[PDB]
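As C-alpha coordinates, the structure follows; a few thoughts come after it.
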Amino acid sequence: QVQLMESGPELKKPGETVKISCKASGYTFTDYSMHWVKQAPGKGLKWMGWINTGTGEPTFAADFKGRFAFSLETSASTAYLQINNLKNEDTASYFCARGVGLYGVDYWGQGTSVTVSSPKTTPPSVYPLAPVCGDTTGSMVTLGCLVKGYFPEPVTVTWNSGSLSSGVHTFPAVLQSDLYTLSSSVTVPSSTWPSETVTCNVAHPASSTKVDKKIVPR
Amino acid sequence: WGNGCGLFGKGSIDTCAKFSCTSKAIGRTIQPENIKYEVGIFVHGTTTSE
(Lines give C-alpha, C1' and ligand atoms only; values in the text may rest on other atoms or scores of the structure.)
Protein backbone atom coordinates (compact mmCIF):
# COMPACT_ATOMS: atom_id res chain seq x y z
CA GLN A 1 0.00 0.00 0.00
CA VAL A 2 2.62 2.53 -1.03
CA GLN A 3 0.99 5.93 -0.70
CA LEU A 4 2.43 9.39 -1.19
CA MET A 5 0.63 11.74 1.18
CA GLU A 6 1.35 15.42 0.60
CA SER A 7 0.30 18.59 2.29
CA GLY A 8 -3.07 20.10 1.53
CA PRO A 9 -3.83 22.67 -1.14
CA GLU A 10 -2.62 25.99 0.20
CA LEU A 11 -3.72 29.53 -0.66
CA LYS A 12 -0.73 31.86 -0.88
CA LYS A 13 0.26 35.36 -1.95
CA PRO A 14 3.09 36.47 -4.26
CA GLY A 15 6.42 37.13 -2.61
CA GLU A 16 5.72 34.44 -0.01
CA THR A 17 7.27 31.00 0.40
CA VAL A 18 5.56 27.62 0.48
CA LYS A 19 6.91 24.21 1.43
CA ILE A 20 4.67 21.35 0.33
CA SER A 21 5.08 18.37 2.60
CA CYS A 22 4.94 14.93 1.04
CA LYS A 23 5.05 12.02 3.45
CA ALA A 24 5.85 8.68 1.85
CA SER A 25 4.37 5.45 3.17
CA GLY A 26 4.10 1.76 2.44
CA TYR A 27 7.72 1.24 1.44
CA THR A 28 11.32 1.53 2.58
CA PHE A 29 11.77 5.21 1.89
CA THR A 30 15.48 5.31 1.01
CA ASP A 31 15.15 2.83 -1.84
CA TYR A 32 13.40 4.87 -4.54
CA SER A 33 13.76 8.26 -6.03
CA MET A 34 11.39 11.05 -5.08
CA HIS A 35 10.11 13.16 -7.94
CA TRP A 36 8.11 16.33 -8.24
CA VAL A 37 5.83 17.10 -11.17
CA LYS A 38 4.10 20.44 -11.59
CA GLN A 39 0.67 20.11 -13.11
CA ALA A 40 -0.35 23.65 -13.93
CA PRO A 41 -4.06 24.26 -13.25
CA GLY A 42 -4.82 24.00 -16.96
CA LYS A 43 -1.59 22.45 -18.23
CA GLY A 44 -0.36 18.89 -18.33
CA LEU A 45 2.29 17.34 -16.16
CA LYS A 46 5.46 19.44 -16.01
CA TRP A 47 8.12 17.53 -14.11
CA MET A 48 9.66 19.67 -11.37
CA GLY A 49 12.61 17.38 -10.63
CA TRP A 50 13.73 14.88 -8.03
CA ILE A 51 15.71 14.69 -4.80
CA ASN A 52 17.84 11.73 -3.80
CA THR A 53 15.99 9.75 -1.19
CA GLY A 54 19.06 8.22 0.41
CA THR A 55 21.45 11.15 -0.02
CA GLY A 56 18.84 13.91 0.18
CA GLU A 57 20.37 15.58 -2.88
CA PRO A 58 17.84 17.52 -4.98
CA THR A 59 18.01 18.15 -8.71
CA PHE A 60 15.60 20.40 -10.59
CA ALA A 61 14.44 20.89 -14.14
CA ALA A 62 15.86 23.96 -15.85
CA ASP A 63 12.59 25.85 -15.33
CA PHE A 64 12.42 24.63 -11.72
CA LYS A 65 16.09 25.30 -10.92
CA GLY A 66 16.73 27.97 -8.31
CA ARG A 67 13.28 28.93 -7.01
CA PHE A 68 12.49 25.54 -5.51
CA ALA A 69 13.73 23.43 -2.62
CA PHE A 70 13.45 19.66 -2.61
CA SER A 71 14.01 18.62 0.98
CA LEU A 72 13.57 15.31 2.75
CA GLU A 73 13.11 14.21 6.32
CA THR A 74 14.55 10.70 6.40
CA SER A 75 12.92 9.07 9.42
CA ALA A 76 9.25 9.97 8.86
CA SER A 77 9.83 9.64 5.10
CA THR A 78 8.55 13.11 4.28
CA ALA A 79 9.53 14.57 0.94
CA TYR A 80 9.17 18.31 0.50
CA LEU A 81 8.55 20.58 -2.43
CA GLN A 82 9.38 24.06 -1.20
CA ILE A 83 8.65 26.99 -3.49
CA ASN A 84 10.30 30.28 -2.56
CA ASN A 85 9.42 33.81 -3.62
CA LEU A 86 5.89 32.75 -4.41
CA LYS A 87 4.47 33.80 -7.77
CA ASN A 88 1.10 33.39 -9.45
CA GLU A 89 2.65 30.64 -11.61
CA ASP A 90 3.27 28.81 -8.32
CA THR A 91 -0.49 28.20 -8.28
CA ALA A 92 -0.96 24.59 -9.45
CA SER A 93 -1.55 21.04 -8.27
CA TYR A 94 1.86 19.67 -7.30
CA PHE A 95 2.75 16.01 -7.09
CA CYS A 96 5.51 14.18 -5.31
CA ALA A 97 6.19 11.01 -7.24
CA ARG A 98 7.97 7.96 -5.91
CA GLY A 99 10.56 7.03 -8.47
CA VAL A 100 10.61 3.67 -10.08
CA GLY A 101 13.12 5.78 -11.95
CA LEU A 102 13.90 4.70 -15.49
CA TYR A 103 10.59 2.87 -15.12
CA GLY A 104 9.04 6.25 -14.39
CA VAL A 105 7.26 7.22 -11.22
CA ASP A 106 4.91 4.60 -9.81
CA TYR A 107 2.87 6.45 -7.20
CA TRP A 108 1.78 10.00 -6.57
CA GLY A 109 1.13 12.53 -3.88
CA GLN A 110 -2.60 12.92 -3.42
CA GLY A 111 -1.95 16.39 -4.88
CA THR A 112 -1.38 19.82 -3.43
CA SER A 113 -2.71 22.77 -5.32
CA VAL A 114 -0.85 25.81 -4.08
CA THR A 115 -2.69 29.00 -4.93
CA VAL A 116 -0.45 32.06 -5.03
CA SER A 117 -2.15 35.42 -5.44
CA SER A 118 -2.87 38.63 -3.55
CA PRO A 119 -6.62 38.73 -2.87
CA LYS A 120 -8.40 38.66 0.46
CA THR A 121 -11.42 36.49 1.25
CA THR A 122 -14.56 38.11 -0.18
CA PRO A 123 -18.19 36.90 -0.09
CA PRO A 124 -20.15 36.15 -3.26
CA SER A 125 -22.54 38.59 -4.83
CA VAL A 126 -25.33 36.20 -5.71
CA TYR A 127 -28.12 37.06 -8.12
CA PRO A 128 -31.30 35.01 -8.49
CA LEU A 129 -31.47 35.07 -12.25
CA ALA A 130 -34.91 35.56 -13.46
CA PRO A 131 -35.57 34.19 -16.94
CA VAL A 132 -37.38 36.20 -19.59
CA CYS A 133 -39.66 35.14 -22.44
CA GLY A 134 -36.63 34.08 -24.48
CA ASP A 135 -35.36 31.97 -21.58
CA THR A 136 -38.32 29.55 -21.51
CA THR A 137 -37.45 26.39 -23.43
CA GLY A 138 -40.34 23.96 -23.80
CA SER A 139 -41.81 22.95 -20.46
CA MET A 140 -38.58 24.02 -18.79
CA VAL A 141 -38.01 27.58 -17.70
CA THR A 142 -34.26 27.65 -17.21
CA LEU A 143 -33.34 29.52 -14.05
CA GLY A 144 -29.95 30.71 -12.95
CA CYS A 145 -27.75 31.75 -10.08
CA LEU A 146 -25.20 34.45 -10.76
CA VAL A 147 -22.53 34.23 -8.08
CA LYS A 148 -20.28 37.26 -8.40
CA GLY A 149 -17.02 38.53 -6.99
CA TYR A 150 -16.02 36.18 -4.19
CA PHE A 151 -12.65 35.00 -2.99
CA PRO A 152 -11.71 32.32 -2.47
CA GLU A 153 -13.36 29.28 -4.01
CA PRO A 154 -15.51 27.52 -3.38
CA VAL A 155 -18.99 28.71 -2.97
CA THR A 156 -21.40 25.82 -2.51
CA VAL A 157 -24.30 26.63 -4.82
CA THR A 158 -27.32 24.39 -4.40
CA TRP A 159 -30.92 24.81 -5.51
CA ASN A 160 -33.61 24.88 -2.84
CA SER A 161 -30.94 23.45 -0.52
CA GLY A 162 -29.90 21.03 -3.26
CA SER A 163 -33.33 19.47 -3.74
CA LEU A 164 -32.78 20.51 -7.36
CA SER A 165 -29.74 18.96 -8.90
CA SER A 166 -31.86 17.76 -11.81
CA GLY A 167 -31.85 20.63 -14.29
CA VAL A 168 -28.89 22.08 -12.43
CA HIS A 169 -25.71 22.89 -14.30
CA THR A 170 -23.52 24.82 -11.87
CA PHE A 171 -20.98 26.33 -14.04
CA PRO A 172 -17.31 26.58 -13.09
CA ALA A 173 -16.29 29.46 -10.88
CA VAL A 174 -13.86 31.68 -12.77
CA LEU A 175 -11.70 34.66 -11.85
CA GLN A 176 -12.85 38.28 -11.80
CA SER A 177 -10.50 40.81 -10.17
CA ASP A 178 -9.09 37.86 -8.18
CA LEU A 179 -12.71 37.19 -7.19
CA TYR A 180 -14.91 34.42 -8.46
CA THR A 181 -18.11 34.00 -10.44
CA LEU A 182 -19.81 30.68 -10.87
CA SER A 183 -23.16 30.81 -12.60
CA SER A 184 -25.45 27.92 -11.73
CA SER A 185 -28.26 27.00 -14.11
CA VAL A 186 -31.16 25.00 -12.79
CA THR A 187 -33.50 23.96 -15.58
CA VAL A 188 -37.01 23.68 -14.16
CA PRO A 189 -40.35 23.23 -15.92
CA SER A 190 -42.53 26.33 -16.22
CA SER A 191 -45.03 24.34 -14.16
CA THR A 192 -42.55 24.41 -11.25
CA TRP A 193 -41.52 28.05 -11.69
CA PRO A 194 -42.51 30.50 -10.58
CA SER A 195 -45.14 28.23 -9.04
CA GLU A 196 -42.62 26.45 -6.79
CA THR A 197 -39.76 28.27 -5.13
CA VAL A 198 -36.51 27.72 -7.00
CA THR A 199 -33.80 29.26 -4.85
CA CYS A 200 -30.09 28.96 -5.52
CA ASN A 201 -28.32 28.51 -2.20
CA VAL A 202 -24.74 29.75 -2.24
CA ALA A 203 -22.55 28.69 0.68
CA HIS A 204 -19.06 30.20 0.85
CA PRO A 205 -17.18 28.59 3.75
CA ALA A 206 -14.11 30.79 3.23
CA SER A 207 -16.13 34.00 3.66
CA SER A 208 -18.59 32.07 5.88
CA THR A 209 -21.47 33.40 3.77
CA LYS A 210 -24.35 31.09 2.85
CA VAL A 211 -26.38 33.06 0.32
CA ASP A 212 -29.88 31.96 -0.67
CA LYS A 213 -31.33 33.73 -3.72
CA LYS A 214 -34.85 32.87 -4.87
CA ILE A 215 -35.56 33.47 -8.55
CA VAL A 216 -38.85 35.33 -9.02
CA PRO A 217 -40.01 36.55 -12.45
CA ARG A 218 -39.05 39.96 -13.81
CA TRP B 1 26.90 21.56 3.74
CA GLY B 2 27.08 25.29 4.34
CA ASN B 3 26.60 26.00 0.64
CA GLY B 4 23.66 24.45 -1.15
CA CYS B 5 24.78 20.83 -1.07
CA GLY B 6 24.41 17.77 1.15
CA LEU B 7 27.90 16.57 0.24
CA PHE B 8 31.36 17.99 0.84
CA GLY B 9 34.31 18.84 -1.33
CA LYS B 10 33.04 19.16 -4.90
CA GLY B 11 30.45 20.83 -7.09
CA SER B 12 29.60 22.04 -10.56
CA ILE B 13 29.02 25.45 -12.14
CA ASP B 14 28.31 26.61 -15.68
CA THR B 15 29.39 30.26 -15.93
CA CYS B 16 27.72 32.04 -18.84
CA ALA B 17 28.64 35.69 -19.26
CA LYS B 18 27.09 37.31 -22.31
CA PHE B 19 29.89 38.53 -24.50
CA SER B 20 29.76 41.88 -26.24
CA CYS B 21 32.44 44.02 -27.84
CA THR B 22 33.38 47.35 -26.37
CA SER B 23 35.64 48.29 -29.27
CA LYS B 24 36.39 46.45 -32.52
CA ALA B 25 38.91 47.10 -35.29
CA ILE B 26 39.26 46.04 -38.90
CA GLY B 27 41.88 45.10 -41.43
CA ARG B 28 41.27 45.49 -45.14
CA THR B 29 42.80 44.17 -48.34
CA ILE B 30 43.84 46.01 -51.48
CA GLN B 31 42.89 44.92 -54.97
CA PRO B 32 45.85 45.65 -57.28
CA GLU B 33 43.43 47.07 -59.82
CA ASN B 34 42.21 49.68 -57.34
CA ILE B 35 45.87 50.64 -56.92
CA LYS B 36 46.78 53.88 -58.64
CA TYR B 37 50.09 55.63 -59.04
CA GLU B 38 50.11 59.42 -59.09
CA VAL B 39 53.31 60.43 -60.83
CA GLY B 40 54.11 64.12 -60.93
CA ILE B 41 56.32 64.51 -63.98
CA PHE B 42 57.97 67.81 -64.84
CA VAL B 43 60.67 69.25 -67.07
CA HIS B 44 62.81 72.29 -66.30
CA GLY B 45 62.39 75.14 -68.72
CA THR B 46 62.09 78.82 -68.07
CA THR B 47 60.58 78.99 -64.59
CA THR B 48 60.12 81.32 -61.64
CA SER B 49 59.85 80.75 -57.90
CA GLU B 50 56.08 80.25 -58.10
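Ligands are numbered from 1 in the order shown, chains are lettered A, B, ... in the order of the C-alpha coordinates, and residues start at 1 in each chain.
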
| query | Could you name the residues that touch residue 49 of chain A at 7 Å or less, counting only C-alpha atoms, but leaving out those on the same chain fewer than 4 positions away, as number ranges by chain? | reply | A: 35-37, 59-61

| chain A residues near chain B (12 Å cut-off, only C-alpha atoms) as a ChimeraX atom specification | /A:51-59,66,69-72

Mind writing the picked residues with N, CA and C atoms as a CSV table (one decimal), in the first residue's frame?
chain,number,residue,atom,x,y,z
A,51,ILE,N,14.7,14.7,-5.8
A,51,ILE,CA,15.7,14.7,-4.8
A,51,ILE,C,16.1,13.3,-4.5
A,52,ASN,N,17.4,13.1,-4.2
A,52,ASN,CA,17.8,11.7,-3.8
A,52,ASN,C,17.1,11.4,-2.5
A,53,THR,N,16.6,10.1,-2.4
A,53,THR,CA,16.0,9.7,-1.2
A,53,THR,C,17.0,9.4,-0.1
A,54,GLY,N,18.0,8.6,-0.5
A,54,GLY,CA,19.1,8.2,0.4
A,54,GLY,C,19.9,9.4,0.8
A,55,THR,N,20.5,10.0,-0.2
A,55,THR,CA,21.4,11.2,0.0
A,55,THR,C,20.7,12.4,0.4
A,56,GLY,N,19.5,12.7,-0.1
A,56,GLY,CA,18.8,13.9,0.2
A,56,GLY,C,19.3,15.0,-0.8
A,57,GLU,N,19.9,14.6,-1.9
A,57,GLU,CA,20.4,15.6,-2.9
A,57,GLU,C,19.3,15.9,-3.9
A,58,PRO,N,18.8,17.1,-4.0
A,58,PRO,CA,17.8,17.5,-5.0
A,58,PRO,C,18.5,17.8,-6.3
A,59,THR,N,17.7,17.7,-7.4
A,59,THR,CA,18.0,18.1,-8.7
A,59,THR,C,16.7,18.6,-9.4
A,66,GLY,N,16.4,26.7,-9.0
A,66,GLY,CA,16.7,28.0,-8.3
A,66,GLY,C,15.6,28.6,-7.5
A,69,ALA,N,12.9,24.2,-3.5
A,69,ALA,CA,13.7,23.4,-2.6
A,69,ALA,C,13.1,22.1,-2.4
A,70,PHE,N,13.8,21.0,-2.9
A,70,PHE,CA,13.4,19.7,-2.6
A,70,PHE,C,14.2,19.3,-1.3
A,71,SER,N,13.4,19.0,-0.3
A,71,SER,CA,14.0,18.6,1.0
A,71,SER,C,13.3,17.4,1.5
A,72,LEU,N,14.1,16.5,2.2
A,72,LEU,CA,13.6,15.3,2.8
A,72,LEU,C,13.8,15.3,4.3

| task | Please identify which residues in segment 2-218 of chain A DSSP calls strand (DSSP E or B) from the backbone, and express them as a PyMOL selection string. | result | chain A and resi 3-6+10-12+18-25+33-39+45-51+58-60+68-73+78-83+92-101+104-109+112-116+122+125-129+136-137+140-148+150-151+156-159+169-170+174-176+179-181+183-189+199-204+209-214

| Just how far from atom CA of residue 169 of chain A is atom CA of residue 147 of chain A, in Å to one decimal? |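 One can read the atom CA of residue 147 of chain A to atom CA of residue 169 of chain A distance as 13.3 Å.
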
| query | What does the distance between atom CA of residue 182 of chain A and atom CA of residue 210 of chain A come to in Å, to one decimal place? | reply |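 Rounded to one decimal, the two atoms are 14.5 Å apart.
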
| field | Shell around residue 26 of chain A at 7 Å using only C-alpha atoms, local window under 4 positions removed, as JSON, numbers by chain | value | {"A": [1, 2, 3]}

Only C-alpha atoms, please: the residues just picked out, written as a CSV table (one decimal), in the first residue's frame.
chain,number,residue,atom,x,y,z
A,1,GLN,CA,0.0,0.0,0.0
A,2,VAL,CA,2.6,2.5,-1.0
A,3,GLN,CA,1.0,5.9,-0.7

| query | segment 109-112 of chain A: which residues within 8 Å, counting only C-alpha atoms, same-chain residues fewer than 5 positions away excluded, as an NGL selection string? | reply | :A and (3-10 or 20 or 22 or 92-97)

| task | Once DSSP has gone over the backbone, tell me which residues of segment 6-163 of chain A are in helix (DSSP H, G or I), as a PyMOL selection string. | result | chain A and resi 29-31+62-64+88-90+133-135

Next, dump the selected residues to file, keeping only N, CA, C and O atoms, as a PDB file, in the first residue's frame.
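Okay, part.pdb is ready:
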ATOM      1  N   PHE A  29      11.775   3.908   2.548  1.00  0.00           N
ATOM      2  CA  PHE A  29      11.770   5.207   1.893  1.00  0.00           C
ATOM      3  C   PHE A  29      13.022   5.404   1.055  1.00  0.00           C
ATOM      4  O   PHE A  29      12.940   5.784  -0.117  1.00  0.00           O
ATOM      5  N   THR A  30      14.179   5.060   1.613  1.00  0.00           N
ATOM      6  CA  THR A  30      15.482   5.311   1.009  1.00  0.00           C
ATOM      7  C   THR A  30      15.649   4.706  -0.380  1.00  0.00           C
ATOM      8  O   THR A  30      16.549   5.128  -1.112  1.00  0.00           O
ATOM      9  N   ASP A  31      14.818   3.742  -0.760  1.00  0.00           N
ATOM     10  CA  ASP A  31      15.147   2.825  -1.841  1.00  0.00           C
ATOM     11  C   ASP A  31      14.614   3.252  -3.199  1.00  0.00           C
ATOM     12  O   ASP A  31      14.783   2.513  -4.173  1.00  0.00           O
ATOM     13  N   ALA A  62      15.328  22.635 -15.555  1.00  0.00           N
ATOM     14  CA  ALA A  62      15.858  23.963 -15.848  1.00  0.00           C
ATOM     15  C   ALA A  62      14.891  25.064 -15.440  1.00  0.00           C
ATOM     16  O   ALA A  62      15.295  26.036 -14.792  1.00  0.00           O
ATOM     17  N   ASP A  63      13.616  24.921 -15.784  1.00  0.00           N
ATOM     18  CA  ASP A  63      12.592  25.852 -15.329  1.00  0.00           C
ATOM     19  C   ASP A  63      12.456  25.878 -13.817  1.00  0.00           C
ATOM     20  O   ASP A  63      12.174  26.938 -13.251  1.00  0.00           O
ATOM     21  N   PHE A  64      12.653  24.745 -13.154  1.00  0.00           N
ATOM     22  CA  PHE A  64      12.422  24.630 -11.723  1.00  0.00           C
ATOM     23  C   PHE A  64      13.691  24.878 -10.918  1.00  0.00           C
ATOM     24  O   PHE A  64      13.644  24.913  -9.685  1.00  0.00           O
ATOM     25  N   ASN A  88       2.405  33.898  -9.041  1.00  0.00           N
ATOM     26  CA  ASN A  88       1.100  33.391  -9.453  1.00  0.00           C
ATOM     27  C   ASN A  88       1.238  32.063 -10.190  1.00  0.00           C
ATOM     28  O   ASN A  88       0.399  31.168 -10.041  1.00  0.00           O
ATOM     29  N   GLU A  89       2.310  31.906 -10.962  1.00  0.00           N
ATOM     30  CA  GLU A  89       2.647  30.645 -11.607  1.00  0.00           C
ATOM     31  C   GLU A  89       2.789  29.505 -10.614  1.00  0.00           C
ATOM     32  O   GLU A  89       2.554  28.347 -10.977  1.00  0.00           O
ATOM     33  N   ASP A  90       3.171  29.807  -9.378  1.00  0.00           N
ATOM     34  CA  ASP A  90       3.267  28.812  -8.324  1.00  0.00           C
ATOM     35  C   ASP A  90       1.906  28.262  -7.924  1.00  0.00           C
ATOM     36  O   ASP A  90       1.846  27.334  -7.111  1.00  0.00           O
ATOM     37  N   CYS A 133     -38.888  35.916 -21.476  1.00  0.00           N
ATOM     38  CA  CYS A 133     -39.661  35.140 -22.442  1.00  0.00           C
ATOM     39  C   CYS A 133     -38.756  34.303 -23.342  1.00  0.00           C
ATOM     40  O   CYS A 133     -39.129  33.204 -23.766  1.00  0.00           O
ATOM     41  N   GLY A 134     -37.556  34.802 -23.635  1.00  0.00           N
ATOM     42  CA  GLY A 134     -36.626  34.077 -24.481  1.00  0.00           C
ATOM     43  C   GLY A 134     -35.880  32.977 -23.754  1.00  0.00           C
ATOM     44  O   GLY A 134     -35.148  32.194 -24.365  1.00  0.00           O
ATOM     45  N   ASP A 135     -36.062  32.915 -22.438  1.00  0.00           N
ATOM     46  CA  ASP A 135     -35.365  31.970 -21.578  1.00  0.00           C
ATOM     47  C   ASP A 135     -36.183  30.724 -21.279  1.00  0.00           C
ATOM     48  O   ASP A 135     -35.679  29.806 -20.621  1.00  0.00           O
TER      49      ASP A 135
END
